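Written out below as structure tokens is the structure these notes cover.
Every read-out reported here was derived from the displayed coordinates using simple, explicitly stated rules and does not represent laboratory data. A quick note on method: Cβ atoms are made from the backbone with ideal geometry, for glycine too, and the neighbour counts reach across all protein chains shown.
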Amino acid sequence: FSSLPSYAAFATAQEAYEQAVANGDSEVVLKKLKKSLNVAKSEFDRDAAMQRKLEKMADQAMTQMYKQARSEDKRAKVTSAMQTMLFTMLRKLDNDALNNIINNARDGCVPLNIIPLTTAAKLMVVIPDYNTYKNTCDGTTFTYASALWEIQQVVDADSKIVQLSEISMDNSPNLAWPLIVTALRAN
Amino acid sequence: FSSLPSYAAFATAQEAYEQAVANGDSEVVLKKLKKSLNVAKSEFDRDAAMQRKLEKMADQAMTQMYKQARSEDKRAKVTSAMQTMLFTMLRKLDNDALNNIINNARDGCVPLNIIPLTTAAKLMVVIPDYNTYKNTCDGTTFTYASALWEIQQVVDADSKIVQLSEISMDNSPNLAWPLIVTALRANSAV
Amino acid sequence: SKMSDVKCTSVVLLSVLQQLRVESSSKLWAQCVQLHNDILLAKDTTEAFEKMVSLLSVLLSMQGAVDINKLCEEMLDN
Amino acid sequence: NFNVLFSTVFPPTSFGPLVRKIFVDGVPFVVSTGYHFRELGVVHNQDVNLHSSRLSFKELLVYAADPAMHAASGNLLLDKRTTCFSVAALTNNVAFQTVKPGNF
RNA sequence: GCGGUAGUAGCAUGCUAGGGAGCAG
RNA sequence: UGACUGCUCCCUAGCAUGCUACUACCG
């Protein structure tokens, strides 16, 4: 704390008294010098701690306000944060069935109900283009979620039944394409 | 802190004493200066301390009385709210059936569990599944508590209207099953 | 380490599903809660994975909901 | 000990608070002025006034905590989810409450 | 020459009051 | 929508006590 007038006064008094004492002198001069020195020393010493307490208190207050602002900010982005985190962990898991269904949904082939686990029960998906049908459906079997399923019904956007033999490269582009395959889980 | 009653005397004595010191007079005037200034500062000390104590005492008293006033205001508003709630719920007592069953008592006292059982106008039934449904409220009118009730509305756990034509054995697994049935007292109260 | 990862992922997935107002459909919410509670009690790491597939199918079969493709182009899921 | 054994014969709708009608500035109320315990028998209140002027704060507090008015100003309820005795429903809807998962 | 008293500053000790959090039945 | 107890840690404010220090009064 060397930026206060009290420090300047105390330093000048210290220098004057020290020089006078080192020069050598009587008792009355020493007494007068110390009576004029100690008041300035106390004046300096009070502020020397008051300033420190003020500075640390200000630092703590700024810390607390930063923490409050950050918490208020954080509690307002939870949906996006959670979605990003979930997909990061889904990457890190690295499973074949999960990767299969995520890529299928990313290209457009999403399911319509909860995927069953038993050797029975119906599953319905939507196939929006011929390329997805070429990749997944070949023959009369269906490969989805790293499993095997058996096609039993095909329905178009007009809800008319389409037989499996109908679908072909050039024979397809005269149809309502968002097909709906309903299959059951092969053993 | 600058216009205290003793401030004038203290400052005037200090100024006069320091002028005498600056006059370069003998040591007796210096001793008188020192004594007078010492006693002046000593008397200024308590005048500067007691006032500061008193101000803080007064501030504490003001704060306490303000919070007391706020507490009284809150009490008044909660009293008004409770009175309003009681007088609002009073207006649905059906004061003819209640009077009819009160007068039959031999001294005016009746169990509380039989007041809704004999004077209520509406009945609500919660049904877990279809097997329980077909044994309790099958059809459009059923009997319970020695009275006849007729159905008025049926909703599901999601609070959406459900028609009785689709509450069947085949269509049972397609409903949010905690069904709620509402009926009215027939021939009696509503 | 392959089991705690799937349990944490299941917790995050259930939180994401709850954020999308799924508990406004009692049957779907009951099924999701059952699956989530069953995953956390698993002991072997095959049943947990099939239940995880079943639970993720619920989120995937909601068209508007989220953007699978944007959330896959942010140096995220492949 | 004897009351516990003997109370299993009598109907279960005759137990609980006993209510009656009192008048406050000419309007009728319904308040509880006793109890019928399965163990302690019949108990009657000692300070009950039928006709009274406008009531104070503690009387409001006492009358707002009694289940008598709430039960008497509600609908009948028959709940088949549980086997415990049911009294009344305070609203026209049934509330379903869920529990959310944790944060990671 | 020693002690007493009156303010002022720093430090330590135990309570009361307010706020935030953790565990257990 | 958030019960009754018990224990512990952290931060601030006040009170009481003690230690040291600086001036001043008194003998």
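Points worth noting:
- Packing-based exposure ordering (other Cβ within 10 Å, fewest first) of C:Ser26, A:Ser2: A:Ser2, C:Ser26
- FRET efficiency estimate (nearest 0.05) - Cβ-Cβ, B:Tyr144 to A:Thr119, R0 56 angstrom: 0.80
- Spatially close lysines, pair count over chain C: Cα under 22 Å, gap of eight or more or interchain: 6
- Given charges at Cβ of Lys, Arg, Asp, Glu: region B:36-190 dipole, positive-most of B:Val181, B:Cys109, B:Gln64: B:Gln64
- Region B:81-129: trypsin sites (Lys or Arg not before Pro) falling in loop per DSSP and having at most 15 other Cβ within 10 Å: B:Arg91, B:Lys92, B:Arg106
- Rounded tilt (10° steps) of A:78-93 against the dominant C-alpha axis of chain A: 60 degrees
- Note on B:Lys32: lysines with a C-alpha under 23 Å away, same-chain residues under 8 apart excluded, are A:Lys31, A:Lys32, A:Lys34, A:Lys35, B:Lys41.
- Long-range amide H partners of B:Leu179 with built H, under 5 Å: B:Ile127
- Region B:16-57 versus region C:17-78: alpha-carbon centroid distance in Å: 84 Å
- Extents of chain B, taken as max minus min of Cα coordinates on every principal axis and listed largest first, are 124, 52, 20 Å.
- Counted by Cβ distance under 12 Å from A:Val39, the other residues give a net charge of +2, where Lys and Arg count +1 and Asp and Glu count -1.
- Order of C:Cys8, D:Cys84, B:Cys109 - criterion: other Cβ atoms within 10 Å of each residue's Cβ, fewest first: D:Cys84, C:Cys8, B:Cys109
- Per-residue [θ]222 nm for chain D (sum of -39500 (n - 2.57) over DSSP H runs n ≥ 4, rounded to 500): -4500 deg cm²/dmol
- Over chain A: helical MRE at 222 nm, DSSP H runs n ≥ 4 each giving -39500 (n - 2.57), nearest 500: -19000 deg cm²/dmol
- Size estimate for the protein assembly as shown follows the Kirkwood approach: the inverse of mean 1/r over distinct Cα pairs works out to 34.6 Å.
- Distance between region A:168-184 and region A:97-136 - C-alpha centres, whole angstrom: 14 Å
- The tail of the calculated P(r) for chain C, taken as Cα-Cα distances beyond 15 Å, holds 58 percent of the pairs.
- Per residue, the average separation of C-alpha pairs within less than 8 Å and at least 6 apart gives chain B a relative contact order of 17 percent.
- Least to most buried among D:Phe85, A:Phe87 (fewest other Cβ within 10 Å first): D:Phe85, A:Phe87
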